[PDB]
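Given next, in structure tokens, is a single chain: the form deposited in one PDB entry.
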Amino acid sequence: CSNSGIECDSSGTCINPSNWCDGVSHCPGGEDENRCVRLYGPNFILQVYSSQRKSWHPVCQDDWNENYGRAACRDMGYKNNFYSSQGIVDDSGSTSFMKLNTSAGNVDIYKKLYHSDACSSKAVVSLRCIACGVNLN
């Protein structure tokens, strides 16, 4: 794709990043709205793609709780699975965060978040949706 467009598919379709994870399904297979939440790095930093900023950003811990964590895990495809979540300090030299709108209403979990330059709790969300990766010592 040209001009930083994002591939919807392997069929050549290109979409403007401002419509990626913006709450409206624009791609033929809805690819722009079903991969908006991810866990980054070996420490499971919760990140959401911001349609405002056209990039991934960590999630502030302000007002976050297990119900929001379960919504994030369900959006990722883990259904009713939930393991663990805790606030951690940011280690990536980030000035850019996704912050929870407590009065957002009934929208996608990634649309309950808005871009922000600071977290009041000084911590970002670490989230694991399933207990995995453990074997015999």
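Residue numbers run from 1 along the displayed sequence. We call the rigid core whatever largest set of C-alpha positions still superposes within 1.5 Å between the two forms.
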After core superposition, the stretch with larger RMS C-alpha deviation in 5 other deposited structures of this protein, comparing 91 to 99 and 75 to 83, is 91 to 99
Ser120 unmodelled in at least a third of other compared entries
no
State whether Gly12, though modelled here, is left unmodelled in a third or more of the other entries compared.
yes
Avg C-alpha B-factor, entry values, 29 to 37 vs 57 to 65, higher side is 57 to 65
Higher mean Cα B-factor in the deposited model: 97 to 105 or 41 to 49?
97 to 105
Would you mind finding, among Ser126, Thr13, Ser121, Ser18, the residue with the largest C-alpha temperature factor in the entry?
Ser121
By the record's CA B-factor, is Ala71 among the lowest, middle or highest third of residues in the chain?
middle
Hey, what third does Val134 fall into on Cα B-factor, ranked over its chain?
middle
